[PDB]
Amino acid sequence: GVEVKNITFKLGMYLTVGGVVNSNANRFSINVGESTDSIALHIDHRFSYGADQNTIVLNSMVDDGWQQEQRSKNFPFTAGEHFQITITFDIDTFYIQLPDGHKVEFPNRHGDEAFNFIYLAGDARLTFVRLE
């Protein structure tokens, strides 16, 4: 999937990612981070994957290893359709704004003040990114 690299996504800014979920999707993820074998914020939108149905699984990855999962059952997404999510953060917490207006919080586990990449994975295509 699309990777947007060398971004300067700093404390207090807003990153919006828009796209279209594939018609026949198991899951897709948004992945934000600041170093090559790590992902500070992984947001996995699981229509159906593993033991999860219509569940968001959130995690982080440190040197290619997944950390502790968190889940949300707020799942305002439909296969084949557009979505948009916006992410902001402070030193302690990522704030993920879902398009139904629900907010998920996830810990800023590496204590980052800036990020330099975002990429999509899975059963969706990125159509736009905005950073300001």
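All residue numbers refer to positions in the sequence shown, first residue = 1.
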Going by the B-factors listed in the PDB entry, is the mean over the C-alpha atoms higher for 55-63 or for 32-40?
32-40
Tell me which of 7-15 and 117-125 has the higher mean C-alpha B-factor in the deposited entry.
7-15
Relative to the other modelled residues in the chain, which third contains the C-alpha temperature factor of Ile87: lowest, middle or highest?
lowest
Please rank the C-alpha B-factors of the chain's modelled residues and tell me whether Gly80 sits in the lowest, middle or highest third.
middle
Lowest, middle or highest third: where is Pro107 by Cα B-factor in its chain?
lowest
Lowest, middle or highest third - CA B-factor, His45
lowest
Could you place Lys73 in the lowest, middle or highest third of its chain by Cα temperature factor, using the values in the record?
highest
